[PDB]
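# Structural overview for review
Here are the chains, one letter per residue:
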Amino acid sequence: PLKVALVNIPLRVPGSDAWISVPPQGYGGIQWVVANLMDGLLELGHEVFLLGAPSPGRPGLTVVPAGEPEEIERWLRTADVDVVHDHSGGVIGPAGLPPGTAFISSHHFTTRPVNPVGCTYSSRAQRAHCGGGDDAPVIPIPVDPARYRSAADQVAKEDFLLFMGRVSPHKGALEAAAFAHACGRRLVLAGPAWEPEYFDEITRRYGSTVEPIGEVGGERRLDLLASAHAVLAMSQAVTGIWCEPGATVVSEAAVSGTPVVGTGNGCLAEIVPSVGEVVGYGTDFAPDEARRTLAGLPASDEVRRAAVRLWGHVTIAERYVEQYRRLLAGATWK
Amino acid sequence: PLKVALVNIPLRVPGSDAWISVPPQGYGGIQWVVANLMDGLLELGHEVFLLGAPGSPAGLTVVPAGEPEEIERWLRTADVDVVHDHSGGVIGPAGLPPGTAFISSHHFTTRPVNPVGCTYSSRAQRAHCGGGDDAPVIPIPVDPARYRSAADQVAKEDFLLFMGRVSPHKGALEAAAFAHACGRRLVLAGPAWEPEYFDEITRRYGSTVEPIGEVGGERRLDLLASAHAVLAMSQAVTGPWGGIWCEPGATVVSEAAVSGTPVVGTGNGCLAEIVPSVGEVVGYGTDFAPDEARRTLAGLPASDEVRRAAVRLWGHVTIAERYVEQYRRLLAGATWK
Ligand SMILES: O=c1ccn([C@@H]2O[C@H](COP(=O)(O)OP(=O)(O)O)[C@@H](O)[C@H]2O)c(=O)[nH]1
Ligand SMILES: O=c1ccn([C@@H]2O[C@H](COP(=O)(O)OP(=O)(O)O)[C@@H](O)[C@H]2O)c(=O)[nH]1
C-alpha cells in the first residue's frame, strides 16, 4: 500500500484566519475532488496524508496541520511518503522532495500548470487547452456516493432547476436563468454572488424565474442536489478563453440522482452527455426545444449508475494509483 | 513604419453589453498598458489598429471586433505587419496572413497559451511563467501626458492611497495595516468584489480606511497625484488562478510615479524590480512597527524624483521602441520560447 500526501489548495475562509476544510463547508470544487479522492484512496487501503487543509477521524487518514505553503513544503521535505499528489496548482512542486518520492498533480485550472511534468487533467479538452502532451493521463473528477444522497435517502424530486457554483459569467448563471425560463421552471441560484452588476442583470432579466439563495453548504447542499429536477452547468467561452476543466457539480448532481443540462464548454462536452444533454451557448433558448431537452434527460437511477460507472470514487482512485506506480517505476511525461 | 494590430483583453462592462474601452472607464490595467503603448507607437509614427475594445476614443483605428470570434475573423484578413496580443491568448498565431508577425505581452501570473513570441513585464513573471532567457522583458509603459504633470500643481494631501481590486493577493488589508502604522488614512480606491475580506479590513482598520469604491477619469488622476504615497502591497498568497500569487507588472506603480507620487510596496514578483526605483519595498503581512513605517514614509523620494524615474524607465516612447525593435526582429524571422 502507498503512503500518499494529498496537497489540497491552501485557502483561508474569507474574512477569517480559519482554513477552508476538506471537504469544504461551502463553495469549493477542488476541496471536493480531494475528499472523494481520499475516500477512494482509503477504501483501497492506502495511507493518506491531507495537506493544505488544516478538518475532519477515519482510519488511514492523517490531517497534517500544514496549510501555509511554506509549512507544506517544509513538511514535504522530510515526509516519509511515496506520492506527493498536488491539487493546489503548484503551490508546491517536485524540487526538495526526498529521493524516490513520486510527484503527481491533478490540474484543476483553465491556465497551463506550474508543474507540467507528471500532470493529469480532468478532460481531454483541458489537457489540449493547457498544452498537455498526448501521453499525459486524463482522469475525470471522482465521486463518492456516500458523500451524497442515495436512493435509500428518500429525497423526493421537485420542480426547480438548480445552479450550483459561483454566480459568474464563465459559470453561465444568466444562461441557466435563460434555460429555466424557457422551460417555464424556477431556477434556484445557489452560489456565492460577488459580482453585483452581473447578479443584478440576472434578476433584472429573469427575476421571476430565479430564486437567489446565496452560497450553500452541508445538508441543504445535498438536499438541493438530490431534489432538483435538473442541474444546469452552463459555462461559457468568455474571457483565457474560459474552458471548463472538470466540472465538479456534474458528478455531484449525477451521483445525487440528478441529470444535467450543460454546454459543450471544455470538459462539459465530454461528460455531460453521459448524464444529460449539451445545449448551445447564449440565452436564446426556444421554449419547446428546451422543455423537450428537459424531457429526454435520464432518470435518477440511470445518472446515478453512470456517475459511479464512470467517475466512482474507488474506480477513479484506482486509476490514480496506477499512475502513482508508473511514476514510482520511473515513468514520466510530459 | 508599421501597422500594428493591438489586441486588448476583450471584456464587457459588468452587467452591460457594451465593451470596456481603452483606456478603461474605470478599473483595468491591461487596458491602460495598451492605451499607454498605443500612444508610444502612435508617436513613433506607426499605425495602430485596436481590437478587443470596440467603442474606445478614436493614426489610430479602433476596430468594431470585441468578441474573440469577431477579432480572429478580422485578423485572418487584415493587412498588418504585426499582431500584438495583450489578451492572454484569446487569439493566436494560427490563421494570420503569411508574413504577419506574432507577439504577445504577457499580463498574467500563469503560463501563456502562446509562449512563442511572448514578452513579460518582469523577470519574476518570466521565470515564474517558465519563460526562456531569450524572451524579452519589457515593463509597463507610462505616458506622462495621460496623468498629472508638475505644471498641473496638484496640491499634495496627507493620505495614503490604494488603487486596485480589494482582493487578498493585492494586499488591501496589509496596506490598511501599513497606513494605520503610519497613523495616516488609507484612501481605499477600487472594486470591493469580496465582502468578507473587505468586511475584514473595515473591522480591523475602520478608523484608518476610507473606502471610495471604483474610480476613473479626473478623480482617478487627482488621487494618483495628491496622495502622499501609493500602496502596492501584493501578497505571496495562494489563489483561484492556481499557484502562489506573483505580481507580473503592477501597473499602478508607473502611474503613481509619473504622477509625482512615491510608492510603498512589497517584494512580490515584479514589485521587487520596480518599487525601489520609485519608493520602498517592505515585508509581507500586517506587522508594521509604527515608527519604522513612519521612517519608511518620510524617507520616500519627492515628486520630481519619481516622475523623472518613471519616464526614464517606463516612458511610453522608450518602451514602445523596445517593442518595435522586437516587431522587426520577428518580421526578420527571429523566434523565441
Ligand atoms: O453555494 C454553493 C455553490 C457551489 N458549491 C460547490 O462548489 C463546487 C463548484 O466547483 P466547480 O468545479 O463545479 O465550479 P468552479 O469551482 O470551477 O467554479 C461544487 O462542489 C459545488 O457543490 C457549494 O458548496 N455551495
Ligand atoms: O478604482 C480603481 C482601481 C484601479 N484602477 C486601475 O486598475 C489598474 C490596476 O491594475 P494592476 O496591474 O495594478 O492590478 P491588477 O490588474 O493585477 O488587478 C490600474 O490601471 C489602476 O490605475 C482604476 O482605474 N480605478
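Header annotation of the entry names X-ray crystallography as the structure determination method and lists the resolution as 2.30 Å.

Across its full length, chain A holds 11 helices and 12 strands. Scaling as 2.2 N^0.38, a compact globule of 334 residues should have a C-alpha radius of gyration of about 20 Å, and chain A matches this with 20 Å. Along the first, second and third principal axes, the C-alpha set of chain A runs to 60 × 40 × 40 Å.

Helices and strands together make up the secondary structure of chain B, namely 11 helices and 12 strands. Dimensions of chain B, computed from the C-alpha atoms along their principal axes, are close to 60 × 40 × 40 Å.

Our next topic: the sheet that holds strand β2 (residues 47–51) of chain A. All names here are of chain A. One open sheet accounts for six strands, arranged β3-β2-β1-β4-β5-β6; its pairing is parallel. Each edge of the open sheet is held by one strand with a lone partner, namely β3 (61–63) and β6 (119–121). Strand after strand, the sheet turns through a mean of 20° between neighbouring axes, direction not considered. Against the sheet, helix α2 (residues 69–78) contacts β1 (3–7), β2 and β4 (83–86), and its axis sits at roughly 170° relative to β1. The sheet strands contacting helix α11 (residues 313–328) are β1, β4, β5 (102–107) and β6, and the helix crosses β5 at an angle near 140°.

Residues and elements named next belong to chain A. Taken together, 19 residues form the shell around ligand 1, and within it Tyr 27, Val 216, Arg 221, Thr 248 and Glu 252 come nearest. Take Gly 28: an N or O atom from its main chain is 3.3 Å from an oxygen atom of ligand 1. Notes on ligand 1: free accessible area 540 Å², of which the protein chains cover 92%. At the level of elements, α1 (29–43) and α7 (248–255) are the ones that each hand at least two residues to the shell around ligand 1. With three residues, the top contributor of residues to the shell around ligand 1 is α7.

This part takes up the UniProt feature "binding site: UDP" (unreviewed entry) in chain B. All names here are of chain B. In the UniProt entry, the feature "binding site: UDP" (unreviewed entry) is given for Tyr 27, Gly 28, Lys 170, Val 215, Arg 220, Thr 251, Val 252 and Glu 255. Assignment of secondary structure puts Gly 28 in the loop between β1 (3–7) and α1 (30–43). Residue classification places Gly 28 among the buried positions, given a relative accessible area of 12%. Apart from residues no more than four positions distant in its own chain, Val 215 is found in contact with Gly 26, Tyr 27, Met 163, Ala 189, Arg 220 and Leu 223.

Residues and elements named next belong to chain A. Cross-referencing UniProt, the feature "binding site: UDP" (unreviewed entry) maps to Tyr 27, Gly 28, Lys 171, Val 216, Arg 221, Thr 248, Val 249 and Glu 252 in the present numbering. Assignment of secondary structure puts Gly 28 in the loop between β1 and α1. Taking relative accessible area as the criterion, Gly 28 reaches 7% and is therefore assigned buried. Of note, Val 216 is situated in the loop between β9 (210–214) and α6 (218–227). Classification of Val 216 as buried rests on a relative accessible area of 8%. When residues no more than four places from it in sequence are discounted, the contact partners of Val 216 are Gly 26, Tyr 27, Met 164, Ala 190, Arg 221 and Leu 224.

Attention now moves to the packing of aromatic side chains. Applying the stated criterion across every chain, the model contains nine aromatic pairs over all chains. Residues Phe 179 of chain A and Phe 285 of chain A carry aromatic rings whose centres are separated by 5.2 Å and whose planes lie at 85° to one another, so their mutual orientation is edge-to-face. The same class applies to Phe 179 of chain A and to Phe 285 of chain A, which are both buried. Taking the centre distance of 5.1 Å and the plane angle of 65° together, the rings of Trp 241 of chain B and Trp 245 of chain B count as edge-to-face. In this structure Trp 245 of chain B comes out as buried when scored by relative accessible area, which is 13%.

Our focus in this paragraph is the pairing of β4 of chain A. Residues and elements named next belong to chain A. Along β4, one buried face is formed by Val 83 and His 85 and the opposite face, lined by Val 84 and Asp 86, is buried too. Bridge analysis of β1 against β4 gives four bridges, and the strand direction is parallel. Within β4, the position partnered with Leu 6 by the bridge is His 85. Pairing of β4 with β5, which is carried by four bridges, proceeds in the parallel orientation.

Residue and element names in this part refer to chain A. Taken as a whole, chain A is organised into domain 1 (1–140 + 313–329) and domain 2 (141–312). Centre-to-centre, using C-alpha coordinates, domain 1 lies 26 Å away from domain 2. Carbon and sulfur atoms make up 60% of the area that domain 1 and domain 2 hide from each other, which totals about 2,200 Å². Summed over the three residues of domain 1 that lose the most area to domain 2, namely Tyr 27, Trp 32 and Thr 110, the buried surface amounts to 26% of that side. On the surface where domain 1 and domain 2 come into contact, there are one salt bridge. A salt bridge links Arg 147 to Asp 39, with the nearest nitrogen and oxygen atoms 2.9 Å apart. Viewed at the interface, domain 2 and domain 1 are joined by 12 residue pairs in polar contact.

Turning next to the domain arrangement of chain B. All names here are of chain B. Each domain of chain B was delimited in the assignment, giving domain 1 (1–139 + 316–332) and domain 2 (140–315). Inter-centroid distance (C-alpha atoms) of domain 1 to domain 2 is 26 Å. Summing both sides of the interface, domain 1 and domain 2 together bury roughly 2,300 Å²; the carbon and sulfur share of this comes to 57%. Among the residues of domain 1 in contact with domain 2, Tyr 27, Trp 32 and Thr 109 are the three that bury the most area, contributing 27% of the side total. Across the domain 1-domain 2 interface, the total number found is one salt bridge. A salt bridge links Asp 39 to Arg 146; its shortest N-O distance comes to 2.9 Å. Contributions of two or more residues to the side of domain 1 that touches domain 2 are made by α1, α3 (123–128) and α11 (316–331). Looking at the side of domain 1 that touches domain 2 element by element, the count peaks at seven residues for α1.

Residues and elements named next belong to chain A. Turning to helix α5 (residues 196–206), its buried residues are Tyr 198, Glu 201, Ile 202 and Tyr 206. Each buried residue of α5 sits inside an arc of 105° when the element is viewed along its axis, so together they form one side. Against α4 (173–182) and β9 lie the buried residues of α5.

Moving on to helix α9 (residues 290–298) of chain B. All names here are of chain B. Every buried residue of α9 is accounted for by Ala 293, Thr 296 and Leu 297. The buried residues of α9 all sit within an arc of 100° when viewed along its axis, so they share a single face. For α9, exposure combined with an orientation more than 90 degrees from the buried face picks out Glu 292, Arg 295 and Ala 298. Residues of α9 that are buried sit in contact with β7 (160–163), α4 (172–182), β10 (229–232), β11 (263–265) and β12 (279–281).

All names here are of chain B. Surrounding ligand 2, one finds 17 residues, the nearest of these being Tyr 27, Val 215, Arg 220, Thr 251 and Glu 255. Within the backbone of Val 215, a nitrogen or oxygen atom sits 2.7 Å from a nitrogen atom of ligand 2. At a separation of 2.9 Å, an oxygen atom of ligand 2 approaches a polar side-chain atom of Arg 220. Surface burial for ligand 2 is 92%, taken as the share of its 550 Å² of free accessible area covered by protein chains. A total of three residues in the shell around ligand 2 trace back to one element, the largest contributor, which is helix α7 (residues 251–258).

What counts, and where the lines are drawn
Residues numbered from 1 in each chain as written, not as in the entry; some residues may be left out. Chains lettered and ligands numbered in written order. Heavy atoms only, no water. Residues with missing side-chain atoms left out of burial classes, pairs and counts. Helix = DSSP H or I, 4+ residues; strand = E, 2+ residues; numbered from the N terminus. Rg over C-alpha atoms; globule rule 2.2 N^0.38 Å. Pairing = 2+ DSSP bridges. Axes fitted to C-alpha atoms, helices over the stretch in contact; angles between N-to-C directions. Contact = heavy atoms within 4.5 Å. Near = heavy atom within 4 Å. Polar contact = N/O pair within 3.5 Å; in protein donor to acceptor, adjacent residues only side chain to side chain. Areas by Shrake-Rupley, 256 points an atom, 1.4 Å probe, with all protein chains shown as cover. UniProt positions renumbered as here; feature names shortened; annotations may be inferred. Buried < 20%, exposed > 50% of the residue type's maximum accessible area, 1.4 Å probe, protein only. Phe/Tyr/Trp six-rings, centres within 6.5 Å; stacked < 30°, edge-to-face > 60°. Domains from an automatic or database assignment. Buried area = accessible area lost by both parts, 1.4 Å probe. Salt bridge = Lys/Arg side-chain N within 4 Å of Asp/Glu carboxyl O. Arc of directions from axis to C-beta.

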